[PDB]
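A.B. asks: pasting the first chains of the complex, positions unchanged:
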Amino acid sequence: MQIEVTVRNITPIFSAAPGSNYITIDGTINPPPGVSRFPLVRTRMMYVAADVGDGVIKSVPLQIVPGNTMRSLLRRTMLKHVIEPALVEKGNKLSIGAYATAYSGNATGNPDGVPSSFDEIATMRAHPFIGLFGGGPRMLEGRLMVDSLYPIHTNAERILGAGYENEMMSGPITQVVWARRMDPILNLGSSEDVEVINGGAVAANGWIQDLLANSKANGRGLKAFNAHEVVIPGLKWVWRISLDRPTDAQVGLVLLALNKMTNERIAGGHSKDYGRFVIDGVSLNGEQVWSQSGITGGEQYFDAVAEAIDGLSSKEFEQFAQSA
């Protein structure tokens, strides 16, 4: 079962690529030393083979949001607005391990050596939340295959073989966004502002001297300057959600998580409002089901997840999490 979630990003997308990268005042990502490099955390990039010129395929950059990131995102919306309301309406109580395994695939960092008995595999695989995301102490396989967010871009013409041939962006899709820290005690100005600090003006003054003693001279003070590379907004992305012999309840759960997908953020940089997005279209095995009012279609999936929400107990999450 194949799902293709085509979205447009309202705010810019920052999913931080690990790597202490550096930036100058105008471009030159990771310059040579002595040009006064500034710290730079770039957005997550996937190298991708692409048709660069006629007959030549090169490994080129393309900035993505990771499939692991949005696997955990889909699992998170699934659990916060469907699963947790079900377990509050029936009063079912999860354990610490059951909660942590339902959100993270494991209760501890040690998976168990034994494999689960086949009845437990069949019952858990049949269960929609467990089937979509496996794991646990006995390392269950899940039915969900969450692919990364590629933009609809020339670097992904080799990726989008079927469909999405139009709406192709030629140029780069990143902008460097600069954030500075400022010290408020440097910027306060007035003593009527410092009448709310206990200790008066002399305490604020003494902190100014601490920072002056740091300015002459490794406890970090304040007032840093940073840049972070972001993916530019308004561009169409594609999400691929593949399923592995799914029950109708698992697909209905995915569509239940998918309808509210917009409230959440496909990114990091929470405070900067990075990750806001609107779903342009959703296709089940290629068929378009998406409307402005969520998903229009797939009624057997919605009915199956309706009957699977009912009778969903905590004990499924408890038994799977419990280590041998």
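C.D. replies: Thanks, I have the structure now. Numbers count the residues shown, from 1 in each chain, chains lettered A, B, ... in the order given.

A.B. asks: any idea how far the residue nearest to residue A:200 when sequence neighbours are not counted is from residue A:62?
C.D. replies: Distances taken as Cβ to Cβ, 6 or more residues apart in numbering put residue A:194 closest to residue A:200, at 6.5 Å, once the chain neighbours are dropped. Every residue, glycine included, has its C-beta placed from N, CA and C. According to Cβ to Cβ, to the nearest Å, residue A:194 stands 51 Å off from residue A:62.

A.B. asks: likewise residue A:206?
C.D. replies: Note on residue A:206: its distance to residue A:62, by Cβ to Cβ, is 51 Å.

A.B. asks: Looking at the two, which is more packed in?
C.D. replies: Neighbour tally, residue A:206 and residue A:62, criterion other Cβ atoms under 10 Å: the higher count belongs to residue A:62, 19 against 11.

A.B. asks: So the more buried one lies in a helix, does it not?
C.D. replies: No. Going by DSSP: H, G, I helix; E, B strand; the rest coil, the assignment for residue A:62 is strand, not a helix.

A.B. asks: surely it meets residue A:155?
C.D. replies: Yes. Residue A:62 is within contact range of residue A:155, at 3.9 Å (criterion: Cβ atoms under 8 Å).

A.B. asks: Quick check, residue A:59 in contact with residue A:47.
C.D. replies: Yes. Contact status for residue A:59 versus residue A:47: in contact at 4.9 Å, counting by Cβ under 8 Å.

A.B. asks: residues near the residue nearest to residue A:200, how many?
C.D. replies: Count around residue A:194 with other Cβ under 10 Å applied: 18.

A.B. asks: Strands of the stretch 101-250 of chain A, start to end?
C.D. replies: A:144-146, A:150-151, A:174-180, A:225-231, A:236-243 (DSSP state E, counting those that start in this stretch).

A.B. asks: taking those strands together, which one is wrapped up most tightly?
C.D. replies: Using mean count of other Cβ atoms under 10 Å, the stretch among the strands of the stretch 101-250 of chain A with the largest mean neighbour count is strand A:150-151, at a mean of 23.

A.B. asks: Now do that one: which elements does it pack against?
C.D. replies: For strand A:150-151, the packing partners by 3 or more Cβ pairs under 8 Å, 6 or more residues apart in numbering; DSSP states H and E come out as strand A:56-63, strand A:236-243.

A.B. asks: also put chain B on there:
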Amino acid sequence: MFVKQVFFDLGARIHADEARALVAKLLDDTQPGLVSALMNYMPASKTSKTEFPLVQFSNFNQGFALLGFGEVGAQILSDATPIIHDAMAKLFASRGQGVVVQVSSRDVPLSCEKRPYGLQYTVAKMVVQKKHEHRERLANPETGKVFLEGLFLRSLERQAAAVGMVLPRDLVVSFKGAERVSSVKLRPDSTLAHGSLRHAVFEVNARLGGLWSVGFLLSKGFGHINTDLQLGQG
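C.D. replies: Chain B, in position alongside the others:
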């Protein structure tokens, strides 16, 4: 090399010379040696050094600035800044509700290279006349022009040699004109005054890329402006 500027804001404007007098009077009872370092006194006596002043007080729109030239002067500002800040903090917390004193710091490198085209550099409040001979040169424009030429040049070479970097010795300067003529008093309510030029314009073939102080009474805060700020700017 580099010159350090440290800016102190009392919430009110204080002139550079009376700030120098206030800094002298505030820490006089205790911490005398730091004052000797700040004011370029002799190590043994109270009188000042005849050489270039590594540490010179400067204007600030909300108070006073300190300029330290070279590694030694920057170190003098580095060891002098918090004690000086603490002194104005206790002085301005003793009377009134109290004010909060805010600072800034900046390490500007100095540089120069010769260019085959003249460049317009203005200066404000630069002293020029100190003796009766200097008055006699100032009466006639022909003999006053070359005196101002030599004064501007020898100030550039002096603060070069003091900062520890080499200046090309083929520079040709020129002086176009000054907007006003005014006197400078060393101490208030003294009959002695010294002549000074206001908004003088000089033209040098080379470029200057730092803080460059010209003429007499440099530690009092006269005749320095930042040559980086004027550069390509009107």
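
A.B. asks: Take the neighbour count of residue A:194 again, chain B included.
C.D. replies: Neighbours of residue A:194 under the rule other Cβ atoms under 10 Å in any protein chain shown: 22.

A.B. asks: ditto for residue B:161
C.D. replies: Here the number of neighbours of residue B:161 (other Cβ under 10 Å) works out to 13.

A.B. asks: Reduced to three states, what does it come out as?
C.D. replies: helix.

A.B. asks: now do the one 10 residues further on
C.D. replies: With three-state DSSP as the basis, residue B:171 sits in coil.

A.B. asks: I figured it hits residue B:152, correct?
C.D. replies: No. Residue B:171 sits out of contact with residue B:152 when judged by Cβ under 8 Å, with a separation of 9.8 Å.

A.B. asks: Which of these two has more residues huddled nearby?
C.D. replies: Neighbours per residue, other Cβ under 10 Å: of residue B:171 and residue B:152, the larger number sits with residue B:152, 24 against 15.

A.B. asks: what does the helix or strand encompassing the more buried one rub up against?
C.D. replies: Assigned by DSSP states H and E, residue B:152 falls within helix B:141-163. With contacts defined as Cβ atoms under 8 Å, 6 or more residues apart in numbering or on different chains, helix B:141-163 is touched by B:1, B:3, B:51-52, B:54, B:69-70, B:110, B:112, B:128, B:134, B:137-138, B:166-167, B:169, B:171, B:173-175, B:200, B:202, B:212-215, B:223.

A.B. asks: Check the gap between residue B:230 and chain A for me.
C.D. replies: Per Cβ to the nearest Cβ, to the nearest Å, residue B:230 is found 22 Å from chain A.

A.B. asks: Show the contacting residues for the closest residue in space to that residue that isn't next to it in sequence.
C.D. replies: Excluding its sequence neighbours, the residue lying closest to residue B:230 (Cβ to Cβ, 6 or more residues apart in numbering or on different chains) is residue B:121, at 6.2 Å. Residues counted as contacts of residue B:121 (Cβ under 8 Å, 6+ apart) are B:201-204, B:208, B:227, B:230.

A.B. asks: Can you tell me how far residue B:121 is from residue B:219?
C.D. replies: Note on residue B:121: its distance to residue B:219, by Cβ to Cβ, is 21 Å.

A.B. asks: neighbours around the residue of the stretch 151-300 of chain A found nearest chain B, how many?
C.D. replies: Among all residues of the stretch 151-300 of chain A, residue A:216 sits closest to chain B, at 3.9 Å; criterion: Cβ to the nearest Cβ. Other residues near residue A:216 come to 16 when the count uses other Cβ under 10 Å.

A.B. asks: okay, now RNA strand C:
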RNA sequence: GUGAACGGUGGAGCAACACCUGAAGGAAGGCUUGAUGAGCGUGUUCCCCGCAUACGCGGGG
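C.D. replies: With RNA strand C now in place:
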């Protein structure tokens, strides 16, 4: 004349077949680049330091 002198260890032969490192996993959470040294007061012979060696030059606050 070494109880010597003479004399091929040779031929043939498959280390093969079978076997999925791959399952679970959020790069995050916080942060004003504007804020700046920049344009605004002093109306005449008084201090101290060197080169000299006083005929004067240089300079300090």
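
A.B. asks: once more on the neighbour count of residue A:194, this time with RNA strand C?
C.D. replies: 22.

A.B. asks: And residue A:22, by the same measure?
C.D. replies: Quick note: residue A:22 (other Cβ under 10 Å) scores 18 neighbours.

A.B. asks: Leaving out chain neighbours, which residue sits closest to it?
C.D. replies: Nearest non-adjacent residue to residue A:22, counting by Cβ to Cβ, 6+ apart: residue A:37, 3.7 Å away.

A.B. asks: from what I can see the one you found touches residue A:23, true?
C.D. replies: Yes. Counting by Cβ under 8 Å, residue A:37 touches residue A:23, with 6.9 Å between them.

A.B. asks: With neighbour numbers in mind, choose between these two.
C.D. replies: residue A:23 (22 against 17).

A.B. asks: which residue sits closest to residue 216, ignoring its sequence neighbours?
C.D. replies: In the absence of a named chain, this looks at chain A. The shortest distance from residue A:216 to any non-neighbouring residue, by Cβ to Cβ, 6+ apart, is to residue B:78 (3.9 Å).

A.B. asks: not quite, I wanted chain B
C.D. replies: residue B:127 (4.5 Å).

A.B. asks: related to what we said a few turns ago, any common contacting residues for residue A:37 and residue A:23?
C.D. replies: A:30-31.

A.B. asks: Contacts only, for residue A:263.
C.D. replies: Neighbours of residue A:263 in contact, by Cβ under 8 Å, 6+ apart: residue A:77.

A.B. asks: What segments of chain B are helices?
C.D. replies: Assigned by DSSP state H, the helices in chain B fall at B:16-26, B:32-39, B:70-94, B:132-139, B:141-163, B:227-230.

A.B. asks: now those in JSON lines, with distance to RNA strand C?
C.D. replies: What follows is the helices of chain B, written out as JSON lines (distance: least, Cβ to the nearest atom of the strand, whole Å):
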{"stretch": "helix B:16-26", "distance to RNA strand C": "5"}
{"stretch": "helix B:32-39", "distance to RNA strand C": "7"}
{"stretch": "helix B:70-94", "distance to RNA strand C": "12"}
{"stretch": "helix B:132-139", "distance to RNA strand C": "4"}
{"stretch": "helix B:141-163", "distance to RNA strand C": "6"}
{"stretch": "helix B:227-230", "distance to RNA strand C": "4"}
